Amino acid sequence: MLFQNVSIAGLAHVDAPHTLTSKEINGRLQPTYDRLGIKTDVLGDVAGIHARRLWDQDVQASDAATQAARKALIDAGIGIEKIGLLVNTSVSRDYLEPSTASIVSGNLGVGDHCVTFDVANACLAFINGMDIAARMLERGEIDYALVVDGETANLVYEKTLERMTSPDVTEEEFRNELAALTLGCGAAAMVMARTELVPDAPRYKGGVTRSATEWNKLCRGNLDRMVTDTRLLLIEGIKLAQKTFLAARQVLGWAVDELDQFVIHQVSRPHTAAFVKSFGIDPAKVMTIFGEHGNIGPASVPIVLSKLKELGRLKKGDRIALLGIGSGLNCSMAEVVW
């Protein structure tokens, strides 16, 4: 059941404007590192993150999704009146109600037939949103869909860092906060379309998903508290991808000589290194922005895809694997043929 008539008509990303160096952060962490007896630069020497970006101070996730969406429409050569679905896939959301998709829609000026809603699924939701749009397109219900994703980590830095002023932070608690200090701001959007409307545009085949929801307790995250079992996340994350790669061999025909680029959600330099080594992947076919942008959640995959496009690194016929292991645990692997 792969998709037959779904293409990618437009794709864009926004880099958030302010650079926050890990150096600056480390100056605020220093007293806590000292009190805990730790001398390792965990951000820069172990996670491999030297910088991440931040939005202006009162920017909303919907503002960033909206900008990306306007650039993707330009890329696609169409106006908003053609869009019949807009799905927001972000972890960052403006409010409980209405949906972030509603706000982005209203900002852009969609017409009264456009269907909107948010989807949420940790760092895989952008792929989920693609698949949801692809089924509507494949069926003929609509001609073009937007999938949008703006992520803001500003508040995470403000709260997380302000917790450091505290004599009270334990090592277990600090170790979770360091993980929050790998997150970054950014946004992306993609216009998907029925293939016949955009001949020669990249084609979206769809993909495969496996899950291990028995492991849903391995992490828990709010703005107030993040708890994780990073040992088992790694161990069970990798077993889940093994299983999911086997599904993609069977359904997509994936094999290492067949894949031109891997566009992978990333959590840290050493995690991505372990993954690449465990699967015999050529690190040159794995673009990374983690060093300068951190982890932008579910936006990471389309931002990397968009950066490959804009560098001219994608050629007609290139087989591109989109993939991620998200908390849940879930793993999705999908293919684009450029």
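Residue numbers run from 1 along the displayed sequence.
- For the pair 145 to 153 and 242 to 250, the record assigns the higher mean C-alpha temperature factor to 242 to 250.
- Annotation for 156 to 164 versus 177 to 185: the higher mean temperature factor (C-alpha) is found in 156 to 164.
- Among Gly312, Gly297, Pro302, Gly291, the highest C-alpha B-factor in the deposited entry belongs to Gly312.
- Note on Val198, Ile103, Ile132, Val263: the highest value goes to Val198, judged by CA B factor as recorded.
- Among all modelled residues in its chain, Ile281 ranks in the highest third by Cα B-factor.
- Compared with the other modelled residues of the chain, the Cα B-factor recorded for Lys307 ranks in the middle third.
- Sorting the modelled residues of the chain by their CA temperature factor places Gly207 in the middle third.
- The PDB entry assigns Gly328 a C-alpha temperature factor belonging to the lowest third of its chain's modelled residues.
- Per the deposited record, the Cα B-factor of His13 falls in the lowest third when ranked against the other modelled residues of its chain.
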